[PDB]
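Given next, in structure tokens, is a single chain: the form solved without this ligand.
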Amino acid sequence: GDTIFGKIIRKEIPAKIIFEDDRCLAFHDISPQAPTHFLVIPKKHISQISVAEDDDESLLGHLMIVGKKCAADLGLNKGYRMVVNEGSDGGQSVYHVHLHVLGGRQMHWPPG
């Protein structure tokens, strides 16, 4: 099934895009939990990390490399936190794999 992130990838609804390539998209989160809070998502519709395949390893690592590069470009020189949520206990909100990147404030422990 389609999700709102599919609509964002397809440019059907607006989002504040930070970076795009042939295989992923980074954009600011509409409900930010830190002064900087963006998402990096694959264009391939993987519904959740628990169903990713071995062949997806490069793509998943690409989300993290893009995420760390965007974080540097956004001036997060004091650090940041990356989060992937899975399922109900993980608090996953959209069933399209997404990497949260949060910074601009002290992130606390435990991480939720």
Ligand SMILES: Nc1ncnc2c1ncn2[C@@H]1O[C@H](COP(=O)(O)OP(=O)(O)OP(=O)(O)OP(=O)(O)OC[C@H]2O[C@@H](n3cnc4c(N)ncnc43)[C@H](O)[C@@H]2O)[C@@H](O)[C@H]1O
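Residue positions are given as counts along the sequence shown, with the first one as 1.
From this point on, the text means the form solved in complex with this ligand, which you will not see here.
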**Request:** Check the shown form for clashes with this ligand: superpose the C-alphas around the site so the partner sits as in the deposited bound form, and report blocked if 3 or more ligand atoms are within 2.4 Å of backbone or C-beta atoms, open if none are.
**Result:** blocked
**Message:** Under a 4.5 Å heavy atom criterion, is residue 56 part of the interface with this ligand in the deposited bound form?
**Reply:** no
**residue 66: touches this ligand in the deposited bound form, heavy atom cutoff 4.5 angstroms** = no
**Asked** Are any of the heavy atoms in residue 43 no more than 4.5 Å from a heavy atom of this ligand in the deposited bound form?
**Response** no
**Prompt:** Is there a heavy atom of residue 39 lying 4.5 Å or less from a heavy atom of this ligand in the deposited bound form?
**Reply:** yes
**Request:** Counting only non-hydrogen atoms and a 4.5 Å cut-off, give the residues of 8-34 close to this ligand in the deposited bound form.
**Result:** 8, 27, 28, 29, 30, 31
